[PDB]
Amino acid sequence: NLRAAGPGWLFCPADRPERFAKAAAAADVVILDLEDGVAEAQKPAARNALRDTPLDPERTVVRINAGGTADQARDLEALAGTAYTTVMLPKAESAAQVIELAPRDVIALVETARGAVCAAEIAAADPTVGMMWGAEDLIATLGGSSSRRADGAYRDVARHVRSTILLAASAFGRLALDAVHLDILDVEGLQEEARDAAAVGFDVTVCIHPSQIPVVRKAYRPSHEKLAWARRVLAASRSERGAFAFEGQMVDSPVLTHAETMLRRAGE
């Protein structure tokens, strides 16, 4: 039940076991990384550390290597000596890549054009429990050079893939995870992203530094002004029958659902 954890998930390289406990303490869910966070020469040591420094398997996911690679094979061998049951699959590009990871639960990280093109097949695969997107491998594999424009906003194709993943995940009832914010000190930019992610239905914002978790948790709580409105409209709705105008707005079922969702997030 990762769907009950909290929105602040945190990457930690698997070759840094001295930080595992810190990460577990700071975050709702830790993603121990055997992939791009760790250099090739350091992967074997990272795998040893996984086995030798267990976190709670109910709140820890392991990002393994891409399908068909020698590393993934070594990863799955190492995982056989752990109690970890959920993995994150990078460069997820087909349903088959997820299905071969049975009986583990899988979070598919779509971060290539092929993955975007196949997002719905990947989402529908049986072991999938969530979908994440990655802007940086996406731009890298497209042969590009930057995921953001001068003003910091994501370039269109990244914005496009983010929506693609959110819909693919939601269409098949999977968790949706938003991309990492690479500018560590940029709490302002992270706050804006997290608030928007929360508004559109993402379940999680993945973080790369523990200082980011409190920003993400706060961002997933609706503002005082949003909560006041949620309260007002739901109260007025108790006296109405069908569509009605409230504070100049046409309100009915899905709008009341937004209000309920806001109060739910405030409560939990």
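The numbering used is simple: start at 1 and walk along the sequence shown.
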- Message: With neighbours modelled on both sides, does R232 go without coordinates in a third or more of the other PDB entries compared?
- Response: yes
- In a third or more of the other entries compared, is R241 missing its coordinates? yes
- Task: Using the B-factors recorded in the PDB entry, average over the C-alpha atoms of 254-262 and of 15-23, then report which stretch comes out higher.
- Result: 15-23
- Is the mean CA B factor in the deposited entry higher across 201-209 or across 227-235? 227-235
- Query: From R241, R63, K218, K43, can you pick the one with the highest C-alpha B factor in the entry?
  - Reply: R241
- Quick one: which of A158, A123, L166, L185 shows the highest Cα temperature factor in the PDB entry? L185
- Give the position of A194 by CA B-factor within its chain, expressed as the lowest, middle or highest third. middle
- Among the modelled residues of its chain, does the C-alpha B-factor of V87 lie in the lowest, middle or highest third? middle
- C-alpha B factor of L34, ranked within the chain: lowest, middle or highest third? lowest
- Lowest, middle or highest third: where is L79 by C-alpha B factor in its chain? highest
- Note on the structure: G143: C-alpha B-factor third of its chain, per the entry, is the lowest
